[PDB]
$ cat structure-v3.txt   # compact mmCIF, C-alpha atoms
# COMPACT_ATOMS: atom_id res chain seq x y z
CA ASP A 1 -11.52 -24.56 67.68
CA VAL A 2 -14.01 -26.84 65.98
CA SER A 3 -15.51 -26.24 62.53
CA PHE A 4 -18.55 -27.45 60.61
CA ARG A 5 -19.27 -26.66 56.95
CA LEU A 6 -22.80 -27.21 55.68
CA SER A 7 -21.81 -27.30 52.02
CA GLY A 8 -21.33 -30.97 51.21
CA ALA A 9 -22.39 -31.95 54.74
CA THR A 10 -23.64 -35.49 55.38
CA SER A 11 -24.92 -37.42 58.42
CA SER A 12 -21.35 -38.67 58.86
CA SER A 13 -19.72 -35.23 58.79
CA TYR A 14 -22.21 -33.88 61.30
CA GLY A 15 -21.46 -36.79 63.67
CA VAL A 16 -17.74 -36.10 63.23
CA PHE A 17 -18.41 -32.48 64.10
CA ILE A 18 -20.42 -33.36 67.25
CA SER A 19 -17.67 -35.80 68.32
CA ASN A 20 -14.98 -33.14 67.99
CA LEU A 21 -17.17 -30.74 69.91
CA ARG A 22 -17.41 -33.23 72.81
CA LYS A 23 -13.64 -33.87 72.63
CA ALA A 24 -13.10 -30.12 72.96
CA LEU A 25 -14.59 -30.16 76.46
CA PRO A 26 -12.26 -30.92 79.36
CA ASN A 27 -13.20 -33.57 81.96
CA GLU A 28 -11.38 -35.01 84.93
CA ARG A 29 -13.64 -38.00 85.67
CA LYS A 30 -15.97 -40.31 83.82
CA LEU A 31 -18.93 -41.65 85.77
CA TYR A 32 -20.32 -44.78 84.17
CA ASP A 33 -18.15 -44.00 81.11
CA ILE A 34 -19.75 -40.59 80.71
CA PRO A 35 -17.54 -37.46 80.76
CA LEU A 36 -18.10 -35.37 83.88
CA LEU A 37 -17.52 -31.71 83.03
CA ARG A 38 -15.35 -29.47 85.21
CA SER A 39 -16.79 -27.26 87.93
CA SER A 40 -14.60 -24.17 87.42
CA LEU A 41 -11.99 -23.06 84.88
CA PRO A 42 -10.06 -19.79 84.58
CA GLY A 43 -11.18 -17.48 81.79
CA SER A 44 -8.32 -18.47 79.44
CA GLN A 45 -9.41 -22.07 79.61
CA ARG A 46 -13.17 -21.61 79.92
CA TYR A 47 -14.32 -20.94 76.33
CA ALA A 48 -14.20 -22.75 72.99
CA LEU A 49 -15.00 -21.31 69.55
CA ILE A 50 -16.89 -23.25 66.95
CA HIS A 51 -17.01 -21.96 63.40
CA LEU A 52 -20.10 -22.74 61.32
CA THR A 53 -20.30 -22.04 57.59
CA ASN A 54 -23.58 -22.21 55.67
CA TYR A 55 -24.28 -23.23 52.06
CA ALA A 56 -23.50 -19.69 50.85
CA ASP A 57 -20.12 -19.82 52.63
CA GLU A 58 -21.13 -17.24 55.20
CA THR A 59 -19.44 -18.00 58.56
CA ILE A 60 -20.31 -17.26 62.19
CA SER A 61 -18.15 -18.11 65.20
CA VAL A 62 -19.93 -19.21 68.38
CA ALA A 63 -18.47 -19.02 71.90
CA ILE A 64 -19.34 -21.85 74.29
CA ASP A 65 -18.58 -22.23 77.96
CA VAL A 66 -16.81 -25.62 78.21
CA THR A 67 -18.07 -26.28 81.76
CA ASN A 68 -21.76 -26.34 80.83
CA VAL A 69 -21.81 -26.32 77.00
CA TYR A 70 -23.80 -23.05 77.10
CA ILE A 71 -23.65 -20.73 74.10
CA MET A 72 -22.45 -17.34 75.34
CA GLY A 73 -22.69 -15.41 72.12
CA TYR A 74 -21.47 -15.32 68.54
CA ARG A 75 -19.56 -13.23 66.04
CA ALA A 76 -20.47 -12.29 62.48
CA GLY A 77 -17.74 -10.32 60.77
CA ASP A 78 -16.81 -7.33 62.88
CA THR A 79 -19.77 -7.49 65.24
CA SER A 80 -20.15 -9.70 68.29
CA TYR A 81 -23.44 -10.60 69.95
CA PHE A 82 -23.78 -11.69 73.57
CA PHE A 83 -26.75 -12.86 75.61
CA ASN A 84 -27.93 -10.48 78.28
CA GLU A 85 -26.72 -12.43 81.29
CA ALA A 86 -23.88 -12.35 83.79
CA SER A 87 -21.95 -15.35 82.46
CA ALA A 88 -22.11 -13.86 78.93
CA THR A 89 -20.64 -10.54 80.11
CA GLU A 90 -17.79 -12.47 81.72
CA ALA A 91 -17.33 -14.33 78.44
CA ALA A 92 -17.07 -10.95 76.66
CA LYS A 93 -13.80 -10.31 78.52
CA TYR A 94 -12.15 -13.27 76.82
CA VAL A 95 -13.66 -13.95 73.39
CA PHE A 96 -14.13 -11.85 70.22
CA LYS A 97 -11.98 -9.08 71.69
CA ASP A 98 -11.04 -7.60 68.31
CA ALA A 99 -14.68 -7.16 67.24
CA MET A 100 -15.38 -3.48 66.45
CA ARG A 101 -19.09 -3.62 67.36
CA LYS A 102 -20.45 -5.50 70.36
CA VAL A 103 -24.22 -5.79 70.81
CA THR A 104 -25.92 -7.20 73.90
CA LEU A 105 -29.03 -9.17 72.97
CA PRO A 106 -32.29 -8.21 74.76
CA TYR A 107 -32.62 -11.59 76.43
CA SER A 108 -30.61 -14.23 78.25
CA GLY A 109 -29.94 -17.58 76.61
CA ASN A 110 -32.56 -19.65 78.41
CA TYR A 111 -35.42 -21.31 76.54
CA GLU A 112 -38.28 -19.62 78.35
CA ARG A 113 -36.87 -16.20 77.36
CA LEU A 114 -36.05 -17.31 73.82
CA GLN A 115 -39.43 -18.96 73.19
CA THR A 116 -41.19 -15.84 74.45
CA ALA A 117 -38.98 -13.69 72.23
CA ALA A 118 -39.49 -15.98 69.24
CA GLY A 119 -43.20 -16.32 69.91
CA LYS A 120 -42.85 -20.03 69.11
CA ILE A 121 -42.32 -23.11 71.32
CA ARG A 122 -39.50 -25.56 70.62
CA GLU A 123 -41.80 -28.29 69.25
CA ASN A 124 -42.87 -25.93 66.46
CA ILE A 125 -39.42 -24.94 65.24
CA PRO A 126 -37.87 -27.06 62.44
CA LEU A 127 -34.52 -28.80 63.04
CA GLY A 128 -32.23 -30.61 60.62
CA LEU A 129 -29.20 -29.49 58.63
CA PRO A 130 -31.13 -27.19 56.27
CA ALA A 131 -32.58 -25.55 59.40
CA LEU A 132 -29.04 -24.91 60.68
CA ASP A 133 -28.08 -23.28 57.35
CA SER A 134 -31.09 -20.95 57.66
CA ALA A 135 -30.22 -20.10 61.29
CA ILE A 136 -26.64 -19.21 60.30
CA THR A 137 -27.95 -16.93 57.53
CA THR A 138 -30.37 -15.24 59.93
CA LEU A 139 -27.70 -14.64 62.56
CA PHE A 140 -25.04 -13.57 60.01
CA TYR A 141 -27.44 -10.91 58.68
CA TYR A 142 -28.76 -10.16 62.16
CA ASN A 143 -32.45 -9.33 62.18
CA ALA A 144 -33.64 -8.77 65.74
CA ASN A 145 -37.03 -10.32 65.04
CA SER A 146 -35.72 -13.63 63.67
CA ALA A 147 -32.71 -14.05 65.95
CA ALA A 148 -34.42 -15.84 68.84
CA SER A 149 -35.77 -18.70 66.72
CA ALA A 150 -32.40 -18.99 64.94
CA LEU A 151 -30.56 -19.09 68.27
CA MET A 152 -32.82 -21.99 69.35
CA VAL A 153 -31.93 -23.96 66.26
CA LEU A 154 -28.25 -23.16 66.84
CA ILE A 155 -28.37 -24.22 70.52
CA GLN A 156 -30.17 -27.46 69.78
CA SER A 157 -27.91 -28.33 66.86
CA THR A 158 -24.71 -27.87 68.92
CA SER A 159 -25.08 -27.89 72.70
CA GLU A 160 -28.04 -30.27 72.90
CA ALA A 161 -26.62 -32.59 70.25
CA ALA A 162 -23.37 -32.66 72.33
CA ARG A 163 -25.29 -33.65 75.50
CA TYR A 164 -27.32 -36.54 74.02
CA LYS A 165 -26.55 -39.15 71.34
CA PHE A 166 -30.26 -39.41 70.49
CA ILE A 167 -30.49 -35.69 69.61
CA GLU A 168 -27.26 -35.83 67.59
CA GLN A 169 -28.63 -38.78 65.61
CA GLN A 170 -32.08 -37.21 65.12
CA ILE A 171 -30.64 -33.95 63.71
CA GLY A 172 -27.84 -35.58 61.72
CA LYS A 173 -30.34 -37.80 59.91
CA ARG A 174 -32.01 -34.80 58.26
CA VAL A 175 -29.51 -33.69 55.61
CA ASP A 176 -31.86 -32.43 52.91
CA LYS A 177 -35.10 -32.14 54.92
CA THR A 178 -36.28 -30.71 58.25
CA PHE A 179 -38.37 -32.05 61.11
CA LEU A 180 -40.21 -30.95 64.22
CA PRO A 181 -38.64 -32.25 67.44
CA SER A 182 -40.75 -34.72 69.45
CA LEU A 183 -41.42 -34.43 73.16
CA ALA A 184 -38.71 -37.06 73.71
CA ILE A 185 -36.17 -34.49 72.46
CA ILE A 186 -37.76 -31.65 74.46
CA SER A 187 -37.78 -33.67 77.72
CA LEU A 188 -34.13 -34.69 77.30
CA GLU A 189 -33.36 -30.99 76.85
CA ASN A 190 -35.41 -30.13 79.96
CA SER A 191 -33.86 -32.86 82.08
CA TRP A 192 -30.09 -32.63 81.51
CA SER A 193 -29.31 -30.92 84.83
CA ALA A 194 -31.50 -33.31 86.82
CA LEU A 195 -30.15 -36.43 85.09
CA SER A 196 -26.57 -35.23 85.61
CA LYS A 197 -27.22 -34.58 89.33
CA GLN A 198 -28.86 -37.97 89.94
CA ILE A 199 -26.14 -39.89 88.07
CA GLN A 200 -23.50 -38.30 90.26
CA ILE A 201 -25.57 -39.26 93.33
CA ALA A 202 -26.13 -42.79 91.98
CA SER A 203 -22.35 -43.36 91.91
CA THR A 204 -22.44 -42.88 95.69
CA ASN A 205 -25.72 -44.81 96.07
CA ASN A 206 -25.19 -48.20 94.37
CA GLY A 207 -26.44 -46.95 91.03
CA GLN A 208 -29.73 -45.68 92.41
CA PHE A 209 -31.08 -42.15 91.96
CA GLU A 210 -32.18 -40.33 95.08
CA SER A 211 -34.98 -38.68 93.11
CA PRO A 212 -36.53 -40.06 89.92
CA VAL A 213 -36.48 -38.22 86.63
CA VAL A 214 -39.62 -38.35 84.49
CA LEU A 215 -38.86 -38.37 80.78
CA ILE A 216 -41.08 -38.80 77.74
CA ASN A 217 -40.09 -41.67 75.50
CA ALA A 218 -40.26 -42.08 71.72
CA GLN A 219 -43.77 -43.49 72.11
CA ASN A 220 -44.73 -40.26 73.92
CA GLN A 221 -45.29 -41.93 77.28
CA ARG A 222 -44.09 -40.46 80.57
CA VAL A 223 -41.46 -42.82 81.99
CA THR A 224 -39.88 -42.69 85.43
CA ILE A 225 -36.09 -43.05 85.50
CA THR A 226 -34.58 -44.26 88.82
CA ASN A 227 -31.14 -45.79 88.17
CA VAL A 228 -28.10 -46.05 85.90
CA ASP A 229 -29.27 -49.23 84.14
CA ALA A 230 -31.93 -47.17 82.33
CA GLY A 231 -31.34 -46.70 78.60
CA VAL A 232 -31.06 -42.92 78.81
CA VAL A 233 -28.01 -43.45 81.04
CA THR A 234 -26.44 -46.48 79.34
CA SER A 235 -26.90 -45.43 75.74
CA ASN A 236 -27.84 -41.77 75.36
CA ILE A 237 -26.58 -39.01 77.70
CA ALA A 238 -23.01 -38.11 76.60
CA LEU A 239 -21.89 -35.35 79.01
CA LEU A 240 -22.55 -34.77 82.69
CA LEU A 241 -23.01 -31.31 84.16
CA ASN A 242 -20.97 -31.08 87.34
CA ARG A 243 -23.10 -31.00 90.51
CA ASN A 244 -21.41 -27.71 91.46
CA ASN A 245 -23.11 -26.05 88.48
CA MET A 246 -26.40 -27.39 89.71
CA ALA A 247 -27.29 -25.10 92.64
$ encode --input "structure-v3.txt" --output "structure tokens"
Amino acid sequence: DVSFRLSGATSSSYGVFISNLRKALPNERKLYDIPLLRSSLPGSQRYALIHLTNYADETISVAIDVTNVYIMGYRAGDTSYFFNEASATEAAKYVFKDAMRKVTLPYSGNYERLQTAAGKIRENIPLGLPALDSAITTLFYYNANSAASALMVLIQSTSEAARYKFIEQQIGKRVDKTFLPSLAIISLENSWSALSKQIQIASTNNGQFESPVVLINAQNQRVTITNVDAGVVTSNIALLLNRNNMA
């Protein structure tokens, strides 16, 4: 398991946490020094628990699929919560088995569902460590009507931070304040599957993508990414989704 405690948290301790989270994920290969995640694992190997404790020392445990870094659900005390999707119901066979209550959330874990449910787009939802504290509180004392926004903070603070060094650094920087994510962060989030696919192809294609990926940079300009010498590849993306989980 991996743990993070928000009380006494610093930029350093968050980075340590995100490192351990990455180390928790199994990989057979590295392509261009980036961990390539596994395609398939049996149930007993497939899930990792991360425990997150807020300033008030209230703890939730979150189940992630180690092949795609997707959050499957979480536990708060004696109640488990799972997303309403097929991979989450599979997860429910393996994690949080001793929970007395299990609730299935009214939506899957994808952003378009969550943003609709929250009634807020990602760019308008504060991130930063105080934001993560608030999300943990909201999920611990589950209120249906706040859960979706809190789940989006949780996902971005764990899974998305794991996938990209830039997102890790941007969230970790905000210890005592919060911030709205730029479109650079949103486009990295949007483009993980595509980047992963093209990087795997590039390794067979002299470092060249078969199909470009358009990202938005920190100056807000659309940039076209076509090979592994681009900065997003050399210095940013930290995990590769296996092409077999692309469909």
$ closest_atom_pairs --input "structure-v3.txt" --of "stretch 139-235 of chain A" --to "stretch 85-107 of chain A" --cutoff "10 Å" --atoms "only C-alpha atoms" --output "Markdown table"
| residue | atom | partner | partner_atom | distance |
| --- | --- | --- | --- | --- |
| A:144 | CA | A:105 | CA | 8.6 |
| A:147 | CA | A:105 | CA | 9.3 |
| A:148 | CA | A:107 | CA | 8.9 |
$ closest_atom_pairs --input "structure-v3.txt" --of "stretch 79-137 of chain A" --to "stretch 4-23 of chain A" --cutoff "12 Å" --atoms "only C-alpha atoms" --output "Markdown table"
| residue | atom | partner | partner_atom | distance |
| --- | --- | --- | --- | --- |
| A:128 | CA | A:11 | CA | 10.2 |
| A:129 | CA | A:6 | CA | 7.4 |
| A:130 | CA | A:6 | CA | 8.4 |
| A:131 | CA | A:6 | CA | 10.6 |
| A:132 | CA | A:6 | CA | 8.3 |
| A:133 | CA | A:6 | CA | 6.8 |
| A:134 | CA | A:6 | CA | 10.6 |
| A:135 | CA | A:6 | CA | 11.7 |
| A:136 | CA | A:6 | CA | 10.0 |
| A:137 | CA | A:6 | CA | 11.6 |
$ axis_aligned_box --input "structure-v3.txt" --around "stretch 148-157 of chain A" --padding-each-side "8 Å" --output "AutoDock Vina command-line options"
--center_x -31.8 --center_y -22.1 --center_z 67.7 --size_x 23.9 --size_y 28.5 --size_z 21.6
$ closest_residue --input "structure-v3.txt" --among "A:163, A:197, A:122, A:173" --to "residue A:150" --atoms "only C-alpha atoms"
A:122
$ atom_distance --input "structure-v3.txt" --atom1 "atom CA of residue A:54" --atom2 "atom CA of residue A:116"
26.5 Å
$ closest_residue --input "structure-v3.txt" --among "A:199, A:247, A:70, A:241" --to "residue A:228" --atoms "only C-alpha atoms"
A:199
$ closest_residue --input "structure-v3.txt" --among "A:209, A:141, A:179, A:166" --to "residue A:76" --atoms "all atoms listed in the file"
A:141
$ atom_distance --input "structure-v3.txt" --atom1 "atom CA of residue A:230" --atom2 "atom CA of residue A:182"
20.0 Å
$ atom_distance --input "structure-v3.txt" --atom1 "atom CA of residue A:3" --atom2 "atom CA of residue A:50"
5.5 Å
